[PDB]
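The listed protein sequences derive, respectively, from chains A, B, C, D, E, F and G.
Each step along the first sequence adds one to the number in the deposited numbering, with nothing skipped, and position 47 is 1719.
Each step along the second sequence adds one to the number in the deposited numbering, with nothing skipped, and position 9 is 2066.
Each step along the third sequence adds one to the number in the deposited numbering, with nothing skipped, and position 22 is 2175.
Each step along the fourth sequence adds one to the number in the deposited numbering, with nothing skipped, and position 5 is 2062.
Each step along the fifth sequence adds one to the number in the deposited numbering, with nothing skipped, and position 16 is 2169.
Each step along the sixth sequence adds one to the number in the deposited numbering, with nothing skipped, and position 38 is 1903.
Each step along the seventh sequence adds one to the number in the deposited numbering, with nothing skipped, and position 21 is 1259.
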Amino acid sequence: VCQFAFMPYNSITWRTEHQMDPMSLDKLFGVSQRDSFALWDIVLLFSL
Amino acid sequence: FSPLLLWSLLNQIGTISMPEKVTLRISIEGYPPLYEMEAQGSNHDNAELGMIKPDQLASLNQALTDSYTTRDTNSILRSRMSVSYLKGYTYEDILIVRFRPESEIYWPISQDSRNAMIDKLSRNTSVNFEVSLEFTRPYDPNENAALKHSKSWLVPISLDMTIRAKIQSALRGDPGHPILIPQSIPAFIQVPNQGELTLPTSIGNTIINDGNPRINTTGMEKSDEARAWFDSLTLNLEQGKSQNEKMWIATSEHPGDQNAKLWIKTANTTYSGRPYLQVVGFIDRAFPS
Amino acid sequence: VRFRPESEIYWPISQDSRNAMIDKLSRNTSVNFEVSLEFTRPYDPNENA
Amino acid sequence: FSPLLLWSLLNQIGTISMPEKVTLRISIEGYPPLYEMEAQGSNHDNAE
Amino acid sequence: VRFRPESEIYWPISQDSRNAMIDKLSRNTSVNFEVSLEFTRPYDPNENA
Amino acid sequence: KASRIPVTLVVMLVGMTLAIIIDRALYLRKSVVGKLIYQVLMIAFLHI
Amino acid sequence: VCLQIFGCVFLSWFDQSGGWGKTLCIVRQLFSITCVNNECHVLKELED
């Protein structure tokens, strides 16, 4: 639900302004763009 | 584990002072300068040289971060690189220099030397316009020297006969004929700790191929692409009296959209009304001991 | 060292530059008089400087 | 006692020549000099 | 290297300085003509000079 | 820059060596409670 | 597949002035409406 596009931090401007800060809010919370994929969560859930 | 800590504490990072005096020279190679100017400032009260105000830096950052299209992927990388490079310097490490448009000294050239210039500019000789920038910092007792960074750019005068005749007529003293020098002083320059003036290639690429009036760079050499984002200069001769005084007025003109938000707005002189010559310098203040 | 009181060269300043100096000296700008002394020694072959 | 004498003889004190040319400049900052002067002498016959 | 015979710039000497030069050249002062040649090379990134 | 090696690197190497020594001592003396406490503190410190 | 054809060519219909457009942009954004095909030219006047 946080990977949707209408979140304020998912916009291009926010990502550009907060691409070098290592402790940004999205990075701190663990949810960000993740443009590649999200696989190992599925692997862990299925293994469990 | 004592040698490692000893080495770590022994080595530190120093700091070099903010540069003080900036000089500009425009000339024809092998001849006295056409336009010599210099600027020194107190950095807090002078207007010819001073730190960038936070509002201007914020506006420049916003203009740089909003310069992309929502279709092409590579523009995202260019904008990100430009913003990341700009974010490396705070508002204290960036300065603004405003050269006066008018020449500082009267043109000290002999009649025979001017005739020699006209002859050299006549038949087939390829002369190059030379533009030199120089930054010098205050003396530091640590190193018994005064750090000084200088850069010189040479631009050809082309082989077109009608252009050379116009330039010769302008140099002779005929009124109503300007001299146009493309690829002149850069709007943004970077001074390193020990090297020479290095261009901000990321901002140059953004200007070249990120604005709406894209600048064509198909038929150009590699050494010209980095120079393709420079601004043009126009030099006019004002004489007034008979002889013994000849003034050169230089005016800059940005390439592409002259009213784009990327460029820093210029100021007008308080004694004549002609616009200043703006140069934005990024200063590195770290040397590895 | 005995410097001659008279200036060595005629003052090479532009009219526009002089007007700019007068304007800068007029209202509120703090201008500082700058005096520079310089001593140079003959070249020594031991150090190439 | 050889390293001490070797170090003592290896290191000595040099001598730099008498300075030759002296220049003075009086100006307003950011402007051509108001008064520029320089003096070079033969040190035995010159008066400047 | 071929230097032009004519001088590059007009002679910037003060009248009083010229009079002082004439006086120094008059009675007994030994004045020496000084000729300087200077060669400079393009900047090299290897050595920052 | 990043050429200089920071003091955090050497102090954390010293901490790692101390951890190795502590683990060796705990194994030698056969202390289960001490080993459990060491593991808990070490894992908390690692995550944080 | 039937929403891609609608969105990719009739994007101009998504430009309601104000009011309902705010929710209209939200629903368009959460439905992932865009021109997936790259051969066709994206509509130019709707940059903002």
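Cβ coordinates follow ideal geometry from the N, Cα and C atoms, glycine included.
Is it true that the CB of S2170 of chain E sits closer than 8 Å to the CB of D2102 of chain D? In this structure, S2170 of chain E does not lie closer than 8 Å to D2102 of chain D by Cβ.
How about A2173 of chain E: is its C-beta nearer than 8 Å to some C-beta of chain C? Cβ-Cβ to chain C under 8 Å: yes for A2173 of chain E.
Applying a beta-carbon distance threshold of less than 9 Å, which residues of chain B neighbour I1870 of chain F? Within chain B, the residues near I1870 of chain F are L2061, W2064, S2065, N2068.
Runs of 4 residues minimum, wholly inside the region 2256-2305 of chain B: which ones carry the alpha helix (DSSP H) assignment? Counting only runs of 4+ residues, the alpha helix (DSSP H) found wholly inside the region 2256-2305 of chain B occupies 2258-2267, 2279-2282, in chain order.
Contact criterion: CB-CB distance below 8 Å. Does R2157 of chain C meet it with respect to chain E? Interface flag for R2157 of chain C against chain E is set, since a Cβ pair is found closer than 8 Å.
Does any CB atom of chain C fall closer than 8 Å to the CB of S2160 of chain E? By this cut-off, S2160 of chain E is not an interface position.
Taking the continuous beta strand (DSSP E) assigned at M2094 of chain D, which residues delimit it? 2092-2097 is the span of the beta strand (DSSP E), which, as asked, contains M2094 of chain D.
Please list the partners that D2102 of chain B has in chain C, where partner means a Cβ-to-Cβ separation under 8 Å. Neighbours of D2102 of chain B on chain C, chain order: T2182, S2183.
Closest Cβ-Cβ distance between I1264 of chain G and chain A: below 8 Å? Yes, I1264 of chain G counts as interfacial toward chain A.
Just by C-beta distance, which residues in the region 2298-2326 of chain B are closer than 7 Å to chain C? Residues of the region 2298-2326 of chain B with a C-beta less than 7 Å from any C-beta of chain C: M2304, listed in chain order.
Are at least three pairs of beta-carbons, each pair with one atom in the region 2147-2161 of chain B and one in the region 2293-2310 of chain B, less than 8 Å apart? The region 2147-2161 of chain B vs the region 2293-2310 of chain B: in contact.
From the DSSP secondary-structure annotation, give me the bridge partner or partners of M2108 of chain B. Note: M2108 of chain B sits in a beta bridge opposite B:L2152.
Per-residue burial, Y2092 of chain B [other beta carbons within 10 Å of its own, 16 or more giving buried]: Classification for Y2092 of chain B: buried.
For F2192 of chain B, which three-state DSSP category applies? DSSP places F2192 of chain B in strand when its eight states are reduced to three.
Is any beta-carbon of chain B found at less than 8 Å from that of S2189 of chain C? So no, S2189 of chain C is outside the interface.
Going by DSSP in three states, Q2168 of chain B sits in which element: helix, strand or coil? Helix, per DSSP.
At a Cβ cut of 8 Å, what residues of the region 2119-2130 of chain B count as close to chain G, listed as they run along the chain? Residues of the region 2119-2130 of chain B whose Cβ lies closer than 8 Å to any Cβ of chain G, in chain order: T2126, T2127, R2128.
Can you check the region 1254-1284 of chain G for any alpha helix (DSSP H) of at least 4 residues that lies completely inside it and give the ranges in chain order? Entirely contained in the region 1254-1284 of chain G, the alpha helix (DSSP H) runs reaching 4 residues are, in chain order, 1258-1268.
Tell me whether the beta-carbon of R2137 of chain B lies closer than 8 Å to the beta-carbon of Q1691 of chain A. Yes, the pair counts as a contact, with Cβ atoms nearer than the cut-off.
Check the Cβ of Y2163 of chain C against every Cβ in chain E and list those closer than 7 Å, keeping chain order. Residues of chain E passing the Cβ test: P2165, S2167.
Exposure of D1693 of chain A, with buried meaning 16 or more beta-carbon neighbours within 10 Å: Classified as exposed, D1693 of chain A has fewer than 16 neighbouring CB atoms from the shown chains inside 10 Å of its CB.
Apart from the five residues just before and just after residue 2383 of chain B, which ones in its own chain have a Cβ nearer than 6 Å to its Cβ? There is no way to answer for residue 2383 of chain B, as the model of chain B reaches only from 2058 to 2346.
Just checking: is the beta-carbon of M1692 of chain A within a distance shorter than 8 Å of some beta-carbon in chain B? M1692 of chain A counts as touching chain B.
Classify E2187 of chain C as helix, strand or coil using the three-state DSSP reduction. In the three-state reduction of the DSSP assignment, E2187 of chain C falls in the strand class, which pools E and B.
Give me the subset of the region 1258-1285 of chain G whose CB atoms are less than 8 Å from a CB atom of chain B, sorted by chain position. Interface annotation for the region 1258-1285 of chain G against chain B: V1280, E1285, criterion Cβ-Cβ distance under 8 Å.
Decide if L2319 of chain B is buried, meaning its Cβ has at least 16 other Cβ atoms within 10 Å, or exposed. Per the 10 Å Cβ criterion, buried.
Verify the CB distance criterion: does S2074 of chain D have a CB-CB separation below 8 Å to chain E? The C-beta of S2074 of chain D comes no closer than 8 Å to any C-beta of chain E.
On the three-state DSSP scale, how would you describe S2207 of chain B? The three-state secondary structure of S2207 of chain B, taken from DSSP, is strand.
In chain B, which residues lie less than 7 Å from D2197 of chain C when you measure between Cβ atoms? Near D2197 of chain C there are no residues of chain B at all, since even the closest Cβ is about 16 Å away, more than 7 Å.
From the beta carbon of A2283 of chain B, is the nearest beta carbon of chain F less than 8 Å away? Among the residues facing chain F, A2283 of chain B is not included, as its CB has no counterpart in that chain under 8 Å away.
Does the CB of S2179 of chain C have a neighbour CB from chain D at under 8 Å? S2179 of chain C does not count as touching chain D.
Taking the alpha-carbon of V1879 of chain F as reference, which of B:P2089, B:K2322, B:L2062 has the nearest alpha-carbon? Checking every option, the nearest Cα to that of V1879 of chain F belongs to B:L2062.
When every heavy atom of the ligand HEM is checked, does at least one fall within less than 7 Å of the C-beta of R1869 of chain F? As for the ligand HEM, it is missing from this structure, which has no ligand bound.
Can you confirm whether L1883 of chain F, when its beta carbon is compared against all beta carbons of chain B, has any partner nearer than 8 Å? With 8 Å as the cut-off, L1883 of chain F does not count as an interface residue toward chain B.
Taking 8 Å as the threshold (beta carbon to beta carbon), is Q2097 of chain B in contact with chain D? Yes, its Cβ sits closer than 8 Å to a Cβ of chain D.
Quick check on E2159 of chain C: does DSSP put it in helix, strand or coil? Three-state result, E2159 of chain C: coil.
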